[PDB]
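Source file: run07.cif. Holds: mmCIF, C-alpha atoms and all ligand atoms.
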data_entry
loop_
_atom_site.label_atom_id
_atom_site.label_comp_id
_atom_site.auth_asym_id
_atom_site.auth_seq_id
_atom_site.Cartn_x
_atom_site.Cartn_y
_atom_site.Cartn_z
CA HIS Z 4 0.00 0.00 0.00
CA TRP Z 5 0.78 3.68 0.02
CA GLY Z 6 3.44 5.29 2.17
CA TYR Z 7 6.14 7.92 1.97
CA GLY Z 8 9.09 6.08 0.34
CA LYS Z 9 10.46 6.24 -3.28
CA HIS Z 10 8.21 3.45 -4.45
CA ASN Z 11 4.96 4.17 -2.65
CA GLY Z 12 5.20 7.88 -1.79
CA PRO Z 13 3.06 10.87 -2.77
CA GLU Z 14 4.20 10.70 -6.41
CA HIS Z 15 2.57 7.23 -6.62
CA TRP Z 16 -0.72 7.89 -4.83
CA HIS Z 17 -2.67 8.96 -7.92
CA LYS Z 18 -2.55 5.39 -9.27
CA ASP Z 19 -4.81 4.05 -6.48
CA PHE Z 20 -6.48 7.41 -5.67
CA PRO Z 21 -6.82 9.40 -8.88
CA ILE Z 22 -8.36 12.35 -7.03
CA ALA Z 23 -4.71 13.03 -6.09
CA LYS Z 24 -4.67 15.15 -9.27
CA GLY Z 25 -7.98 16.86 -8.46
CA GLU Z 26 -9.08 20.47 -8.34
CA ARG Z 27 -8.98 21.01 -4.55
CA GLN Z 28 -6.03 18.97 -3.22
CA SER Z 29 -4.09 19.69 -0.02
CA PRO Z 30 -1.66 20.87 1.28
CA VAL Z 31 -0.85 24.12 -0.54
CA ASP Z 32 1.66 26.91 -0.23
CA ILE Z 33 0.16 29.91 1.55
CA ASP Z 34 1.36 32.97 -0.39
CA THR Z 35 0.75 35.57 2.34
CA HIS Z 36 0.84 38.53 -0.03
CA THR Z 37 -1.81 36.91 -2.27
CA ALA Z 38 -4.11 35.74 0.54
CA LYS Z 39 -6.81 38.38 0.91
CA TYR Z 40 -8.08 39.64 4.23
CA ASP Z 41 -11.79 38.80 4.56
CA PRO Z 42 -13.55 40.99 7.17
CA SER Z 43 -16.64 38.76 6.91
CA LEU Z 44 -14.72 35.84 8.46
CA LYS Z 45 -15.81 35.23 12.05
CA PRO Z 46 -13.42 34.28 14.85
CA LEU Z 47 -12.94 30.57 15.33
CA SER Z 48 -14.79 28.90 18.17
CA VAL Z 49 -12.68 26.11 19.69
CA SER Z 50 -14.69 24.41 22.46
CA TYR Z 51 -12.49 21.66 23.90
CA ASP Z 52 -13.29 21.95 27.62
CA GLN Z 53 -15.25 18.65 27.54
CA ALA Z 54 -12.83 16.75 25.27
CA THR Z 55 -12.59 13.03 26.09
CA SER Z 56 -9.45 11.39 24.70
CA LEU Z 57 -9.48 7.61 24.32
CA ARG Z 58 -6.39 6.03 22.77
CA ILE Z 59 -3.05 6.81 21.14
CA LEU Z 60 -2.17 4.74 18.07
CA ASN Z 61 0.67 4.14 15.60
CA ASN Z 62 -1.18 3.66 12.30
CA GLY Z 63 1.93 3.11 10.17
CA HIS Z 64 1.85 6.63 8.70
CA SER Z 65 1.60 8.81 11.84
CA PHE Z 66 0.56 8.52 15.46
CA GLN Z 67 -2.97 9.52 16.30
CA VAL Z 68 -4.78 10.47 19.52
CA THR Z 69 -8.48 9.55 19.18
CA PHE Z 70 -11.40 11.14 20.97
CA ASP Z 71 -15.00 10.23 21.80
CA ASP Z 72 -17.04 11.77 18.98
CA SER Z 73 -20.37 10.20 20.00
CA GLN Z 74 -21.43 13.57 21.50
CA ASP Z 75 -20.75 17.29 21.06
CA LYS Z 76 -17.91 17.18 23.59
CA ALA Z 77 -15.04 18.89 21.74
CA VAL Z 78 -16.33 20.94 18.82
CA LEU Z 79 -15.02 23.42 16.28
CA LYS Z 80 -17.35 26.16 15.02
CA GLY Z 81 -17.35 29.67 13.64
CA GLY Z 82 -14.57 30.93 11.44
CA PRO Z 83 -15.48 30.08 7.85
CA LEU Z 84 -17.69 27.20 9.00
CA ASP Z 85 -21.44 26.79 9.21
CA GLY Z 86 -22.56 24.16 11.64
CA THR Z 87 -20.79 22.18 14.33
CA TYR Z 88 -17.81 19.89 13.83
CA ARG Z 89 -16.78 17.21 16.35
CA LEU Z 90 -13.13 16.50 17.12
CA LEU Z 91 -12.32 12.89 16.18
CA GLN Z 92 -8.52 12.77 16.34
CA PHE Z 93 -5.28 14.63 16.04
CA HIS Z 94 -1.99 13.52 14.48
CA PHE Z 95 1.21 15.09 13.20
CA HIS Z 96 3.43 15.23 10.14
CA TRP Z 97 7.14 15.82 10.63
CA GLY Z 98 10.56 15.72 9.04
CA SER Z 99 13.91 14.00 9.32
CA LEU Z 100 15.46 17.45 10.01
CA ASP Z 101 13.99 20.70 11.35
CA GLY Z 102 13.84 22.39 7.92
CA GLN Z 103 11.06 20.18 6.59
CA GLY Z 104 8.10 18.28 7.92
CA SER Z 105 5.12 20.56 7.56
CA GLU Z 106 2.56 19.92 4.85
CA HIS Z 107 1.38 23.45 4.33
CA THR Z 108 4.08 26.01 3.70
CA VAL Z 109 4.06 29.77 4.23
CA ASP Z 110 5.70 31.76 1.42
CA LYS Z 111 7.44 28.46 0.59
CA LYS Z 112 8.75 28.23 4.19
CA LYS Z 113 8.61 24.72 5.67
CA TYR Z 114 8.08 24.20 9.40
CA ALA Z 115 9.57 21.27 11.32
CA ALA Z 116 6.16 19.66 11.81
CA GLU Z 117 2.43 20.27 11.51
CA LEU Z 118 -0.42 19.32 13.84
CA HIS Z 119 -3.81 18.33 12.40
CA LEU Z 120 -6.91 18.43 14.62
CA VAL Z 121 -9.51 16.56 12.55
CA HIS Z 122 -13.21 17.45 12.96
CA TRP Z 123 -16.32 16.26 11.10
CA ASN Z 124 -19.60 18.05 10.39
CA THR Z 125 -22.33 16.70 12.66
CA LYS Z 127 -25.04 17.20 10.05
CA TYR Z 128 -23.67 14.10 8.30
CA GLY Z 129 -23.94 11.86 11.37
CA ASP Z 130 -20.63 10.00 11.14
CA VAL Z 131 -17.20 10.66 9.69
CA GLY Z 132 -17.54 8.01 6.96
CA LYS Z 133 -20.49 9.93 5.53
CA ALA Z 134 -18.78 13.27 6.12
CA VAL Z 135 -15.76 12.38 3.98
CA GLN Z 136 -18.09 12.05 0.99
CA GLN Z 137 -19.27 15.68 1.24
CA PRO Z 138 -17.46 18.87 0.15
CA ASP Z 139 -18.13 20.45 3.58
CA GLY Z 140 -17.82 17.27 5.62
CA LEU Z 141 -14.63 17.93 7.58
CA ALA Z 142 -12.71 20.83 9.05
CA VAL Z 143 -9.05 20.28 9.87
CA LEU Z 144 -7.31 22.80 12.12
CA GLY Z 145 -3.64 22.95 11.14
CA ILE Z 146 -0.98 24.24 13.53
CA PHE Z 147 2.68 24.63 12.64
CA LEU Z 148 5.49 23.46 14.92
CA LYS Z 149 8.89 25.13 15.09
CA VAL Z 150 11.80 23.94 17.18
CA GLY Z 151 12.73 26.12 20.14
CA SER Z 152 11.28 25.99 23.65
CA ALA Z 153 9.38 22.94 24.87
CA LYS Z 154 5.60 22.84 24.58
CA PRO Z 155 4.45 21.64 28.04
CA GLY Z 156 1.03 20.49 26.75
CA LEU Z 157 2.76 18.09 24.32
CA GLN Z 158 4.96 16.25 26.82
CA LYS Z 159 2.27 13.77 27.90
CA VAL Z 160 2.16 12.67 24.27
CA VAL Z 161 5.95 12.51 23.97
CA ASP Z 162 6.12 10.51 27.24
CA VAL Z 163 4.16 7.57 25.79
CA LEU Z 164 5.61 7.22 22.26
CA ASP Z 165 8.06 4.47 23.21
CA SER Z 166 5.00 2.32 23.95
CA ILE Z 167 3.69 2.60 20.36
CA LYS Z 168 6.95 2.37 18.44
CA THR Z 169 5.65 0.22 15.56
CA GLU Z 170 2.61 0.03 13.29
CA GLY Z 171 -0.49 -1.33 14.99
CA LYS Z 172 0.47 -0.59 18.61
CA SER Z 173 -1.91 1.49 20.73
CA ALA Z 174 -2.23 2.61 24.35
CA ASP Z 175 -4.77 4.12 26.72
CA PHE Z 176 -4.49 7.85 26.48
CA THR Z 177 -7.35 9.20 28.56
CA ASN Z 178 -7.69 12.62 30.19
CA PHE Z 179 -5.56 14.46 27.63
CA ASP Z 180 -6.45 18.12 27.15
CA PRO Z 181 -5.83 19.22 23.54
CA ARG Z 182 -6.11 22.87 24.59
CA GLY Z 183 -2.48 22.58 25.69
CA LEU Z 184 -1.42 22.28 22.03
CA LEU Z 185 -2.87 25.62 20.85
CA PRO Z 186 -0.96 28.85 20.24
CA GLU Z 187 -2.09 32.15 21.76
CA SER Z 188 -3.69 33.56 18.62
CA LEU Z 189 -6.47 31.94 16.60
CA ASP Z 190 -5.87 34.12 13.54
CA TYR Z 191 -6.03 31.85 10.53
CA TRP Z 192 -5.92 31.28 6.80
CA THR Z 193 -8.69 29.21 5.18
CA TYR Z 194 -9.28 27.49 1.83
CA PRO Z 195 -11.22 24.48 0.50
CA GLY Z 196 -9.06 21.37 0.19
CA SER Z 197 -8.70 17.64 0.79
CA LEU Z 198 -7.38 14.94 3.06
CA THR Z 199 -3.57 14.89 2.73
CA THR Z 200 -3.39 11.09 2.95
CA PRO Z 201 -5.45 8.51 1.02
CA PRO Z 202 -8.29 8.54 0.21
CA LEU Z 203 -7.35 12.23 -0.42
CA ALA Z 204 -11.07 13.03 -0.42
CA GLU Z 205 -11.98 16.62 -1.32
CA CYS Z 206 -14.03 17.13 1.82
CA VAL Z 207 -12.02 19.52 4.02
CA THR Z 208 -12.37 23.15 4.97
CA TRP Z 209 -8.81 23.89 6.00
CA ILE Z 210 -8.15 26.32 8.82
CA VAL Z 211 -4.41 26.97 9.22
CA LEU Z 212 -3.32 29.08 12.20
CA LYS Z 213 -0.78 31.80 11.50
CA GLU Z 214 0.96 31.42 14.89
CA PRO Z 215 3.13 28.30 15.25
CA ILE Z 216 3.75 26.58 18.56
CA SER Z 217 7.33 25.94 19.68
CA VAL Z 218 8.45 22.43 20.66
CA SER Z 219 11.85 21.37 21.94
CA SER Z 220 14.40 19.36 20.01
CA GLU Z 221 13.93 16.56 22.58
CA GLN Z 222 10.19 16.46 21.87
CA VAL Z 223 10.55 16.25 18.09
CA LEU Z 224 13.43 13.77 18.51
CA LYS Z 225 10.92 11.41 20.11
CA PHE Z 226 8.67 11.69 17.03
CA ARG Z 227 11.60 10.68 14.79
CA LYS Z 228 12.24 7.51 16.86
CA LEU Z 229 8.87 6.00 15.91
CA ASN Z 230 8.70 3.45 13.09
CA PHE Z 231 6.67 3.01 9.90
CA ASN Z 232 7.15 -0.77 10.06
CA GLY Z 233 5.40 -3.24 12.29
CA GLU Z 234 7.28 -5.16 14.94
CA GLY Z 235 9.67 -7.77 13.57
CA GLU Z 236 10.11 -6.03 10.17
CA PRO Z 237 13.25 -4.12 9.12
CA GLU Z 238 13.25 -0.87 11.08
CA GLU Z 239 12.38 2.17 8.95
CA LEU Z 240 12.14 5.35 10.99
CA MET Z 241 8.85 7.25 10.78
CA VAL Z 242 10.20 10.55 9.41
CA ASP Z 243 9.21 12.74 6.45
CA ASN Z 244 5.57 11.58 6.56
CA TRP Z 245 4.40 14.75 4.83
CA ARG Z 246 2.78 15.35 1.46
CA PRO Z 247 4.32 18.26 -0.50
CA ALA Z 248 2.36 21.33 -1.55
CA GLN Z 249 -0.13 20.77 -4.38
CA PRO Z 250 -1.35 23.06 -7.20
CA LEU Z 251 -3.66 25.78 -5.91
CA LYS Z 252 -5.65 25.79 -9.21
CA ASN Z 253 -8.95 27.75 -8.99
CA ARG Z 254 -8.80 28.60 -5.28
CA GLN Z 255 -8.32 31.67 -3.11
CA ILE Z 256 -6.86 31.53 0.38
CA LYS Z 257 -8.56 33.95 2.75
CA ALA Z 258 -7.09 35.45 5.91
CA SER Z 259 -9.02 36.27 9.07
CA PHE Z 260 -6.47 38.93 9.98
CA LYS Z 261 -5.17 42.06 8.35
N1 LIG C 301 -3.70 14.57 7.13
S1 LIG C 301 -5.31 15.07 7.21
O1 LIG C 301 -5.63 15.86 6.03
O2 LIG C 301 -5.57 15.89 8.42
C1 LIG C 301 -6.40 13.64 7.20
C2 LIG C 301 -7.52 13.51 8.22
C3 LIG C 301 -8.29 12.45 8.14
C4 LIG C 301 -8.04 11.39 7.08
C5 LIG C 301 -8.96 10.19 7.00
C6 LIG C 301 -8.53 9.03 6.57
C7 LIG C 301 -9.52 7.87 6.49
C8 LIG C 301 -10.77 8.05 6.84
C9 LIG C 301 -11.26 9.41 7.32
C10 LIG C 301 -10.41 10.41 7.39
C11 LIG C 301 -7.08 11.51 6.20
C12 LIG C 301 -6.18 12.73 6.27
ZN ZN C 302 -2.67 15.26 8.62
#
Can you present the structure in this file as structure tokens?
Ligand SMILES: NS(=O)(=O)c1ccc(-c2ccccc2)cc1
Ligand SMILES: [Zn+2]
Amino acid sequence: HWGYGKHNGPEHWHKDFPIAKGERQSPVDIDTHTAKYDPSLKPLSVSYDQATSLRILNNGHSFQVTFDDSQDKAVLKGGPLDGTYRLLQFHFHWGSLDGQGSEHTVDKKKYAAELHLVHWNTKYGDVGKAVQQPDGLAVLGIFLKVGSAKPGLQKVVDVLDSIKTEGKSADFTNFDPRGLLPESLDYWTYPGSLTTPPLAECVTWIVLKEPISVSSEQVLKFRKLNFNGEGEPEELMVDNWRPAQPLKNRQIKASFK
């Protein structure tokens, strides 16, 4: 199946998922001088006070923290969105070195990593239905740069040796995703897609302008994870990012002047 190496990486994905060459693929480069300020954009509403985390999982392409989405516990609203979207999971994309790893770029600048908080539109009832709709998901993207440690990330870092290889999972209850957010919720937004297969064109992307800082020790622990399952030749889970895709007939809008 698909992955991030020479022979199964993003250049190959269109063969099994031909929407890879579609009209609203993600990620994209955010040209900040071309993105237009929209004064009609509302502030984001991030309501995570009741978030209920469940598990942390190595899925062979990232690690994921999954939440209870059977109720409106942790929801994203406002911004460019109409309706309520429930937080299902978050995961990251990162590099083998600090100068690459993010999926979106800002004036061609690459961050060391990128956090994706994945939400689905409750009017579609479940995420499987939502992925089939052009407004089915909203992914909140947050850049990571290397500098000071992010204290709200360390509980995640602490447990990664227990899910080194594909298929391993662990209890990861009582995690507060509010500890991963930057101060500002100013954002860019465009219509796009999932950045891994099935690459469905179902995502309103909301990318925050302010990155969070993480320490070199924290990102080091990401780079120690493995794509392989246990017992297979060890291939470090690094550079699990899709490069920027053609913007085509899309405009990126900014919530801030
Ligand atoms: N990297 S991402 O754009 O935030 C992403 C989120 C969810 C999914 C996904 C995969 C399978 C079923 C539902 C959602 C894929 C990519
Ligand atoms: Zn992602």
* residue 121 in chain Z: which residues within 12 Å, counting all atoms listed in the file, same-chain residues fewer than 5 positions away excluded, as a PyMOL selection string? -> chain Z and resi 67-70+72+77-79+88-95+131+134-135+140-146+181+197-199+206-210
Notebook entry, point to check: So which residues touch residue 38 in chain Z within 12 Å, counting all atoms listed in the file, skipping near sequence neighbours fewer than 4 positions away, as a list in words?
Noted result: residues 32, 33, 34, 109, 110, 191, 192, 193, 194, 251, 254, 255, 256, 257, 258, 259, 260 and 261 of chain Z
Check your understanding: With distances taken over all atoms listed in the file, which of Z:246, Z:36, Z:113, Z:168 is nearest to residue 225 in chain Z?
Key ->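 The shortest atom-to-atom distance to residue 225 in chain Z comes from Z:168.
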So that I can see what lies close to residue 52 in chain Z, please list as an mmCIF file with C-alpha atoms, keeping the file's coordinate frame the residues with an atom at most 8 Å from it, counting all atoms listed in the file and leaving out residues fewer than 4 positions away in the same chain.
data_model
loop_
_atom_site.group_PDB
_atom_site.id
_atom_site.type_symbol
_atom_site.label_atom_id
_atom_site.label_comp_id
_atom_site.auth_asym_id
_atom_site.auth_seq_id
_atom_site.Cartn_x
_atom_site.Cartn_y
_atom_site.Cartn_z
ATOM 1 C CA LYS Z 76 -17.910 17.180 23.590
ATOM 2 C CA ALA Z 77 -15.040 18.890 21.740
ATOM 3 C CA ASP Z 180 -6.450 18.120 27.150
ATOM 4 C CA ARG Z 182 -6.110 22.870 24.590
#
Query raised in the report: Taking (5.0, 9.9, 19.1) in the file's coordinates as the center, which residues reach within 6 Å of it, counting all atoms listed in the file, put as a ChimeraX atom specification?
Result: /Z:66,161,164,226
Just write the chosen residues, C-alpha atoms, as a PDB file, in the coordinates of the input.
ATOM      1  CA  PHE Z  66       0.560   8.520  15.460  1.00  0.00           C
ATOM      2  CA  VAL Z 161       5.950  12.510  23.970  1.00  0.00           C
ATOM      3  CA  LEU Z 164       5.610   7.220  22.260  1.00  0.00           C
ATOM      4  CA  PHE Z 226       8.670  11.690  17.030  1.00  0.00           C
TER       5      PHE Z 226
END
*Using all atoms listed in the file, which residue out of Z:114, Z:128, Z:231, Z:7 lies closest to residue 150 in chain Z?*
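With all atoms listed in the file as the atom set, the closest residue is Z:114.
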Judged by all atoms listed in the file, the minimum distance to ligand LIG 301 (chain C) among Z:60, Z:115, Z:203, Z:157 is found for Z:203
Exercise on range 181-195 of chain Z, axis-aligned box with 6 Å per side, report centre and edge lengths in Å to one decimal, as AutoDock Vina command-line options:
--center_x -6.1 --center_y 26.7 --center_z 13.1 --size_x 22.3 --size_y 26.9 --size_z 37.2
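From CA of residue 24 in chain Z back to CA of residue 62 in chain Z, the distance works out to 24.7 Å.
Each of Z:188, Z:244, Z:220, Z:166 was checked against ligand LIG 301 (chain C) using only C-alpha atoms and all ligand atoms; the smallest atom-to-atom distance is that of Z:244.
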Using only C-alpha atoms and all ligand atoms, the shortest atom-to-atom distance to ligand LIG 301 (chain C) among Z:136, Z:108, Z:219, Z:249 belongs to Z:136
Supply range 62-81 of chain Z as an mmCIF file, in the coordinates of the input, with N, CA, C and O atoms built in where the input has gaps.
data_model
loop_
_atom_site.group_PDB
_atom_site.id
_atom_site.type_symbol
_atom_site.label_atom_id
_atom_site.label_comp_id
_atom_site.auth_asym_id
_atom_site.auth_seq_id
_atom_site.Cartn_x
_atom_site.Cartn_y
_atom_site.Cartn_z
ATOM 1 N N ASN Z 62 -0.438 4.205 13.436
ATOM 2 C CA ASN Z 62 -1.180 3.660 12.300
ATOM 3 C C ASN Z 62 -0.293 3.403 11.083
ATOM 4 O O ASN Z 62 -0.810 3.193 9.980
ATOM 5 N N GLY Z 63 1.024 3.380 11.263
ATOM 6 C CA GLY Z 63 1.930 3.110 10.170
ATOM 7 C C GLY Z 63 2.226 4.296 9.277
ATOM 8 O O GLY Z 63 3.152 4.209 8.459
ATOM 9 N N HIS Z 64 1.476 5.400 9.392
ATOM 10 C CA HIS Z 64 1.850 6.630 8.700
ATOM 11 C C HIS Z 64 1.980 7.832 9.624
ATOM 12 O O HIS Z 64 2.614 8.819 9.229
ATOM 13 N N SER Z 65 1.458 7.766 10.843
ATOM 14 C CA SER Z 65 1.600 8.810 11.840
ATOM 15 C C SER Z 65 1.277 8.163 13.182
ATOM 16 O O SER Z 65 1.102 6.943 13.263
ATOM 17 N N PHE Z 66 1.224 8.959 14.243
ATOM 18 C CA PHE Z 66 0.560 8.520 15.460
ATOM 19 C C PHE Z 66 -0.643 9.421 15.684
ATOM 20 O O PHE Z 66 -0.639 10.602 15.310
ATOM 21 N N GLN Z 67 -1.681 8.854 16.281
ATOM 22 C CA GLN Z 67 -2.970 9.520 16.300
ATOM 23 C C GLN Z 67 -3.441 9.445 17.741
ATOM 24 O O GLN Z 67 -3.228 8.426 18.392
ATOM 25 N N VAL Z 68 -4.042 10.514 18.256
ATOM 26 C CA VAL Z 68 -4.780 10.470 19.520
ATOM 27 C C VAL Z 68 -6.264 10.591 19.166
ATOM 28 O O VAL Z 68 -6.657 11.538 18.476
ATOM 29 N N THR Z 69 -7.084 9.631 19.607
ATOM 30 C CA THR Z 69 -8.480 9.550 19.180
ATOM 31 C C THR Z 69 -9.394 10.007 20.297
ATOM 32 O O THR Z 69 -9.111 9.760 21.475
ATOM 33 N N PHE Z 70 -10.484 10.688 19.938
ATOM 34 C CA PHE Z 70 -11.400 11.140 20.970
ATOM 35 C C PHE Z 70 -12.794 10.545 20.773
ATOM 36 O O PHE Z 70 -13.150 10.059 19.700
ATOM 37 N N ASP Z 71 -13.576 10.583 21.848
ATOM 38 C CA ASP Z 71 -15.000 10.230 21.800
ATOM 39 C C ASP Z 71 -15.754 11.263 20.980
ATOM 40 O O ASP Z 71 -15.881 12.419 21.395
ATOM 41 N N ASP Z 72 -16.248 10.868 19.805
ATOM 42 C CA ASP Z 72 -17.040 11.770 18.980
ATOM 43 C C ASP Z 72 -18.511 11.364 18.938
ATOM 44 O O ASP Z 72 -19.224 11.730 17.998
ATOM 45 N N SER Z 73 -18.973 10.601 19.930
ATOM 46 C CA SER Z 73 -20.370 10.200 20.000
ATOM 47 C C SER Z 73 -21.274 11.281 20.584
ATOM 48 O O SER Z 73 -22.493 11.081 20.643
ATOM 49 N N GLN Z 74 -20.701 12.399 21.028
ATOM 50 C CA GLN Z 74 -21.430 13.570 21.500
ATOM 51 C C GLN Z 74 -20.676 14.834 21.118
ATOM 52 O O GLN Z 74 -19.507 14.789 20.727
ATOM 53 N N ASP Z 75 -21.358 15.973 21.267
ATOM 54 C CA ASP Z 75 -20.750 17.290 21.060
ATOM 55 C C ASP Z 75 -19.910 17.667 22.282
ATOM 56 O O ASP Z 75 -20.209 18.608 23.019
ATOM 57 N N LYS Z 76 -18.821 16.930 22.473
ATOM 58 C CA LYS Z 76 -17.910 17.180 23.590
ATOM 59 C C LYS Z 76 -16.858 18.233 23.248
ATOM 60 O O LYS Z 76 -16.709 19.235 23.953
ATOM 61 N N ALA Z 77 -16.092 17.987 22.197
ATOM 62 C CA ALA Z 77 -15.040 18.890 21.740
ATOM 63 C C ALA Z 77 -15.414 19.284 20.323
ATOM 64 O O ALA Z 77 -15.364 18.444 19.414
ATOM 65 N N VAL Z 78 -15.831 20.537 20.129
ATOM 66 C CA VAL Z 78 -16.330 20.940 18.820
ATOM 67 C C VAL Z 78 -15.616 22.183 18.303
ATOM 68 O O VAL Z 78 -15.163 23.050 19.057
ATOM 69 N N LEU Z 79 -15.541 22.266 16.980
ATOM 70 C CA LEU Z 79 -15.020 23.420 16.280
ATOM 71 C C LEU Z 79 -16.183 24.094 15.573
ATOM 72 O O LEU Z 79 -17.005 23.409 14.963
ATOM 73 N N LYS Z 80 -16.290 25.422 15.694
ATOM 74 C CA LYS Z 80 -17.350 26.160 15.020
ATOM 75 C C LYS Z 80 -16.833 27.533 14.605
ATOM 76 O O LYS Z 80 -15.696 27.912 14.902
ATOM 77 N N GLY Z 81 -17.717 28.314 13.983
ATOM 78 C CA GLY Z 81 -17.350 29.670 13.640
ATOM 79 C C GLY Z 81 -16.317 29.678 12.529
ATOM 80 O O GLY Z 81 -16.241 28.761 11.707
#
